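Basis: the model, the stated rules and, where named, an outside source; no laboratory read-out is quoted. Virtual Cβ from ideal backbone geometry, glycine too; neighbours counted across all protein chains shown.
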2 protein chains.
Amino acid sequence: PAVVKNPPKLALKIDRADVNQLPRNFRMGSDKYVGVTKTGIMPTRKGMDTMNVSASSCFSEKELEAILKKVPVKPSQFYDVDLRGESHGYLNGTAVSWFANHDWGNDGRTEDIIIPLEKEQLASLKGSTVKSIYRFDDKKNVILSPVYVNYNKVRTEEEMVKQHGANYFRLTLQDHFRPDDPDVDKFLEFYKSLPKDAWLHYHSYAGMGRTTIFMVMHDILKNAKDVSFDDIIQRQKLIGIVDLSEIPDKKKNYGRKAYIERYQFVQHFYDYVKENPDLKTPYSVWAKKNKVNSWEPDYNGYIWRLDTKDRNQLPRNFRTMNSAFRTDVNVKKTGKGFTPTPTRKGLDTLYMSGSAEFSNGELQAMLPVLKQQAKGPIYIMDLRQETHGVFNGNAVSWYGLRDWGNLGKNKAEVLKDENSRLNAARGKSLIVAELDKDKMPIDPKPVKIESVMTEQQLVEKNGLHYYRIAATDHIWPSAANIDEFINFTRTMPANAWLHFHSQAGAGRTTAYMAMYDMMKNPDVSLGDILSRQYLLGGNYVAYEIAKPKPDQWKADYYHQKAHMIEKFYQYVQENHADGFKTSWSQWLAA
Amino acid sequence: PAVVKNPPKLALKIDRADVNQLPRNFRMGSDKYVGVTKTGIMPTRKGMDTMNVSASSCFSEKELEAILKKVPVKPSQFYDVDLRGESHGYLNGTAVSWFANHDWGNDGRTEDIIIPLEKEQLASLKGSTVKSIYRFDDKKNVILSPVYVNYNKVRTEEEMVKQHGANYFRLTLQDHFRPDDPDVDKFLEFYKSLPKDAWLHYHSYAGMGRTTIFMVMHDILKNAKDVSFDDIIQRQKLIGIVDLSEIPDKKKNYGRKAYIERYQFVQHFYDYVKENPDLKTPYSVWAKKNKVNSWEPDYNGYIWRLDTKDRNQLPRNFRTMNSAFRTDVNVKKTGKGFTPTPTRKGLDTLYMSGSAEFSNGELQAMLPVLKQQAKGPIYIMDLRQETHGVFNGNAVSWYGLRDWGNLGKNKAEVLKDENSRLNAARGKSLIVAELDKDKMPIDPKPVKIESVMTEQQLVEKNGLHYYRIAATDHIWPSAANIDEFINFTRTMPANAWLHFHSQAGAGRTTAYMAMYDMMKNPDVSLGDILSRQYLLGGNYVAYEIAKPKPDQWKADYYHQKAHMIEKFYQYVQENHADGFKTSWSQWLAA
Ligand SMILES: O=P(O)(O)O[C@H]1[C@H](O)[C@@H](OP(=O)(O)O)[C@H](OP(=O)(O)O)[C@@H](OP(=O)(O)O)[C@H]1O
Ligand SMILES: O=P(O)(O)O[C@H]1[C@H](O)[C@@H](OP(=O)(O)O)[C@H](OP(=O)(O)O)[C@@H](OP(=O)(O)O)[C@H]1O
Ligand SMILES: O=P(O)(O)O[C@H]1[C@H](O)[C@@H](OP(=O)(O)O)[C@H](OP(=O)(O)O)[C@@H](OP(=O)(O)O)[C@H]1O
């Protein structure tokens, strides 16, 4: 085949043709040494034969079958450790993946974007039984002219491996680099939970870099006590293909840094296992204390943000389902299904409103409006995961990078963090600043904090009910968070009026409003729901960035929203009839 | 101007037009804060006003004059700290440099290569008063359409700066990265040697990355005891342009790694100054001990190499000036000035030979041949810096990466290492292996070491004189090594017969043979000298790699040879008449 001159940015290509054989770079930990060391002296073989470990390149289905046959365990004892962060899967037995330059198809992405993205990519191939798929040169890592692949099955690696009765574990590691600390932590917690008779097979794309790092880690976990670091590095080269201590002349600038980085990593992991033979202190914790940690963003709050100043007027982005459509329509901020003239059916009895966060003054202005229109009890639905409250009548929040001050916290932890920080602020003189477009404070000055309430205290004091869902800013509400809302709707009083707010009354607020609208009016089209929620003053839930630039970190998260809001529409179509007896989480998991 | 679609791999372009002004990103350590921090809280200014420091982008001559006028010291107190590893200089007052993609013109090169290479690049412009020079866009860092520049002066930055009565210090740092540990050590020895009233001006190309790293280091050296790491980082952003703690969303994969690497560097440097306020322990030594050191190659010997087996035949590549011209001429391994029919004028009375290293058996075969041709005392001129000797009649050496086992050592240290290691080998059972094309041992097996001698003992025991010059393998003989040979010729007998040898009888041997040939026959052309030394069985001293690939690390060293052998030719022309009274070192420095 011929090299493809201008390949797409992301090309679906063949990883492994389906052939009855052991795959590329296959080795078992008990294999004999091949080749020599630079000194001519062989490293001790101590501990090698009882490691119960093998490794290789990625594999087709027939190559997996050859692996399973060869290893001296049953499938039930076999764990496929899939180190590939790049999106991949199977068409029948043929292994395919989505390739970008340097094999960085999922460059920068976290596991929780990569896993569902990969399923979607693969899902897009179902409903066809033949496809032109690029070939690939492993020597130069470049796209070659395509062949047609026939198939009637599309599977993730997990599905294929489990259908063979084996076990599966995924780490989404970028090609060319060491695992970051949290992925080391994740591996170790998996490792510690293994049955003693477990057989581990590590693989990446080529069974070279990422694979050898983990073969070295494995050897260290079994043998660091009795075997030197240097011997481990050498012996994993002798039975394999890569010497992690080799920084060759041909590697320069960036590539050279990465070879250096991953060599240093295995040195630090060796030291960690040596000092912590019980594996009690997590690697990330040990590494931080010893200043050899990988870098991670810190999302913790570091400033009191002024969300909204105490003012006698309706809060920003306020609307009810009786409101007028907006006149400032921007089609470029809409998306799939958008119409300027959606049906208003059901809106007169939906009893729903939304807005940005509210100061005391803004709550006072909302009160008569909502009571004017409400036919039953009024609930303020606070959708904010981030810690917030009221200082001197002003709405404030504890702002961290990306507004992810409470990322990873459950509801109980959120409320505990919230109460604690608000209390601690009482009577202090603190910076409370509005943030500009760059999230930098504007004219920051200390101000004396005289009064401090939670929003709940404020809301209940004014005769309304309160409910909190801790939804993370910028992202599609989690399954748990959506289930919490559905459960809420099942028991809420009839004629209840729901007022949703988040920080800006945009992303999270419009998402929940659209989900509730759908639930109550399943006969209205997805596009009409999204369109009217937009027209009434929300954003468009299915917005996607046309041509994402590198600094546009929200791109994947908008895409996830666009995708998941459609799914949720389907969920409603299928479960509204019997009152949603089946949950969103259970439905997803089927 | 217009972007250049396909610029040359290396393009001479304009850095700074000559303008009367302070340069880009100019700041002084005592400057006021501009902008805000993310918390809205400003860092202490403690110690800022007494640091006696400024920083900026690179500067034109007039921009330097603006700098000198602005700062509150005399030029004699001002130190230009030039952080640029890329080759640069001055045409009249205009700053110019040689640009490759990512500003990596000298990617991978050491200071010893870059400094003389830069002077050579600038020297190539001195035979003109006008040049077409590319323009440059600082926003995108890309070459733009060229303009003509007129000049009658070509200068290094050092020359331009010293001509204004100021001081100069150079570190050859690659753009985009932190400094490696040895450059930190070099900066520190410089810093500690400063007078108290010294004023430091740091600059790189943009006054952004490398410059801010060093401004932070300075602030740390002055203020670590009293000011926190975070405050230093913030305040250097506030008076400047870069926050080293910021890893922006737009930086991905490789670029991201570099930002991370340099942030972590300034953290480690902080800790080092905090822990070592006396700056006694070097940074590199502290960093190693704490496992946060940058990676450096290790050139130390790790194996006994079999250089040549004891055998009853002339040593490899043996030749005298009465030897036949070779029949296997390969023009592609020749170079500038090659002729297949050079004069043999002077060879009849040039009492010289050369070969590869010799075993005992090969020395015995040599003896009658040399004694046949010699008209005076015979001297064996051992040119090897690397440690070697004789085991059981075989020539052996202590081999390290690149055969640089004794890199950096003086002659006394080389001989001390040599005696020590040879003695320690006696009676031991050790690996003594021939190395393959990849420098890996062939069929290594331990052998009993029964007899051990230095080459000097072997030679003198056979009634010959010995002299040692510790020349590093692969590279052009140093100035001190050439002077040492010249001093030898000045005190040796008229009709002394010199037999040069190294490991292979190629690079070092042929260079010294060509240098002596020139000295004794200054009326023979450079080309003829190099050509006949090649034809008699040496290599071609002025060989350069045509189109050097990334793995061909010797490229720069061959170029250095090709260059310096011509220079030595000129030295001979200018100094043979009086018997080389002025040394090579003195003549180079003028
Ligand atoms: O081609 P061979 O001699 O087998 O070696 C290759 C080339 O040097 C590649 O460079 P190039 O793209 O110039 O061919 C290099 O990728 P980089 O260019 O990214 O350094 C590979 O590094 P790894 O991809 O790390 O194996 C290295 O293994
Ligand atoms: O709080 P909800 O109602 O979900 O709405 C969010 C917040 O207003 C975000 O503000 P912040 O990030 O300051 O908390 C905003 O980010 P920007 O102001 O950076 O755009 C989001 O814009 P998009 O993520 O672009 O939709 C918006 O959807
Ligand atoms: O264009 P602006 O917004 O100024 O930001 C630039 C771009 O992101 C560059 O990327 P691109 O080449 O895609 O334009 C990037 O170089 P990399 O591509 O090496 O990341 C620069 O990093 P620095 O070179 O470190 O400034 C960064 O400052």
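At a glance:
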quantity: Flag if A:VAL285 is β-branched (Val, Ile, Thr), under 25 Å from the mean Cα position of the chain (by Cα) and part of a helix (DSSP H, G or I); calculated: yes
quantity: Selection within the stretch B:38-71 - free of Cβ contacts under 8 Å to residues at least 12 places away in the same chain and away from chain A (no Cβ under 14 Å); calculated: B:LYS69
quantity: Top-ranked residue of the stretch A:508-524 - restricted to ones that are closer than 22 Å to A:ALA471 by Cα and among the hydrophobic types (A, V, I, L, M, F, W, C), ranked as nearest to ligand 3 (Cβ to nearest atom); calculated: A:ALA511
quantity: Criterion: in the same structural domain as A:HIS576 (by CATH), in a helix (DSSP H, G or I) and either within 16 Å of ligand 3 (Cβ to nearest atom) or in contact (Cβ under 8 Å) with a residue 12 or more places away in the chain (or both) - qualifying residue of A:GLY527, A:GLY538, A:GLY505; calculated: A:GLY527
quantity: Of all residues in the stretch B:508-556 being polar (S, T, N, Q) and over 16 Å from B:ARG326 (Cβ atoms), the one that is nearest to the other protein chains (Cβ to nearest Cβ); calculated: B:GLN552
quantity: Conditions (1) within 20 Å of B:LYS186 (Cα to Cα); (2) away from chain A (no Cβ under 14 Å); (3) out of contact with any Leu (no Cβ under 9 Å at 6 or more places or on another chain): number failed by B:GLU111; calculated: (3)
quantity: Evaluation of A:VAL396 against (1) in a helix (DSSP H, G or I); (2) within 14 Å of chain B (Cβ to nearest Cβ) (one fails), failing number; calculated: (1)
quantity: Complete set of residues in the stretch A:433-469 that are under 17 Å from A:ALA395 (Cα atoms), assigned to a strand (DSSP E or B) and aliphatic (A, V, I, L, M); calculated: A:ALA433, A:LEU435, A:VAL447, A:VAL452, A:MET453
quantity: Output for the stretch A:83-100, where each listed residue is over 18 Å from the mean Cα position of the chain (by Cα) and either of a type in the set (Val, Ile, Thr) or outside any strand (DSSP E or B) (or both); calculated: A:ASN92, A:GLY93, A:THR94, A:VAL96, A:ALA100
quantity: Selected residue [touching a strand residue (DSSP E or B) at 6+ places or on another chain (Cβ under 7 Å), over 23 Å from A:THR339 (Cα atoms) and either away from chain B (no Cβ under 14 Å) or of a type in the set (S, T, N, Q) (or both)] from A:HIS501, A:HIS576; calculated: A:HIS501
quantity: Where A:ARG256 falls short, out of the listed (1) surrounded by 19 or more Cβ atoms within 10 Å (Cβ to Cβ); (2) within 12 Å of chain B (Cβ to nearest Cβ); calculated: (1)
quantity: Breaking point among (1) surrounded by fewer than 21 Cβ atoms within 10 Å (Cβ to Cβ); (2) away from chain B (no Cβ under 13 Å); (3) free of Cβ contacts under 8 Å to residues at least 24 places away in the same chain, for A:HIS563; calculated: (3)
quantity: Members of the stretch A:256-277 found to be without any contact (Cβ under 8 Å) to a residue 24 or more places away in the chain and either more than 16 Å from ligand 1 (Cβ to nearest atom) or of a type outside the set (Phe, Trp, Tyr) (or both), listed by number; calculated: A:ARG256, A:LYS257, A:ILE260, A:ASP271, A:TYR272, A:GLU275, A:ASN276
quantity: Checklist (1) exposed (fewer than 15 other Cβ atoms within 10 Å of the Cβ); (2) more than 30 Å from B:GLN267 (Cβ to Cβ); (3) within 12 Å of chain B (Cβ to nearest Cβ); (4) of a type outside the set (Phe, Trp, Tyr) applied to A:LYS336, failing item; calculated: (3)
quantity: Checking B:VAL266 against (1) outside any helix (DSSP H, G or I); (2) within 30 Å of B:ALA95 (Cα to Cα); (3) within 14 Å of chain A (Cβ to nearest Cβ), the condition it does not meet; calculated: (1)
quantity: Set A:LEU422, A:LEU430: member being assigned to a helix (DSSP H, G or I) and either within 13 Å of A:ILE303 (Cα to Cα) or touching a residue at least 40 places away in the same chain (Cβ under 8 Å) (or both); calculated: A:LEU422
quantity: In the stretch B:194-217, the residues that are more than 15 Å from B:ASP80 (Cα to Cα) and either acidic (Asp, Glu) or free of Cβ contacts under 8 Å to residues at least 24 places away in the same chain (or both); calculated: B:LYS196
quantity: B:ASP175 being within 14 Å of another protein chain (Cβ to nearest Cβ) and surrounded by fewer than 19 Cβ atoms within 10 Å (Cβ to Cβ); calculated: no
quantity: Some residue of the stretch B:360-375 being buried (at least 20 other Cβ atoms within 10 Å of the Cβ) and in a loop (DSSP other than H, G, I, E, B); calculated: no
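The rows are residues; the columns are (1) over 30 Å from A:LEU407 (Cα atoms); (2) touching a residue at least 24 places away in the same chain (Cβ under 8 Å); (3) outside any strand (DSSP E or B).
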{"position": "A:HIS102", "(1), (2), (3)": "yes, yes, yes"}
{"position": "A:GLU118", "(1), (2), (3)": "no, yes, yes"}
{"position": "A:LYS139", "(1), (2), (3)": "yes, no, yes"}
{"position": "A:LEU144", "(1), (2), (3)": "yes, yes, no"}
{"position": "A:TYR148", "(1), (2), (3)": "yes, no, no"}
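Matching residues to (1) closer than 26 Å to A:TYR399 by Cα; (2) assigned by CATH to the domain that holds A:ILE442; (3) touching a strand residue (DSSP E or B) at 6+ places or on another chain (Cβ under 6 Å):
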position	(1), (2), (3)
A:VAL285	yes, no, no
A:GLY301	yes, yes, yes
A:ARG305	yes, yes, yes
A:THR308	yes, yes, yes
A:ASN317	yes, no, yes
A:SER323	no, no, no
A:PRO342	no, no, no
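The rows are residues; the columns are (1) part of a loop (DSSP other than H, G, I, E, B); (2) crowded, with 17+ Cβ neighbours inside 10 Å; (3) touching a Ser or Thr at 6+ places or on another chain (Cβ under 6 Å); (4) away from chain A (no Cβ under 11 Å).
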{"site": "B:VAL292", "(1), (2), (3), (4)": "yes, yes, no, no"}
{"site": "B:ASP307", "(1), (2), (3), (4)": "no, yes, yes, yes"}
{"site": "B:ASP310", "(1), (2), (3), (4)": "yes, yes, yes, yes"}
{"site": "B:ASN317", "(1), (2), (3), (4)": "yes, yes, yes, yes"}
{"site": "B:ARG326", "(1), (2), (3), (4)": "yes, no, no, yes"}
{"site": "B:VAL329", "(1), (2), (3), (4)": "yes, no, no, yes"}
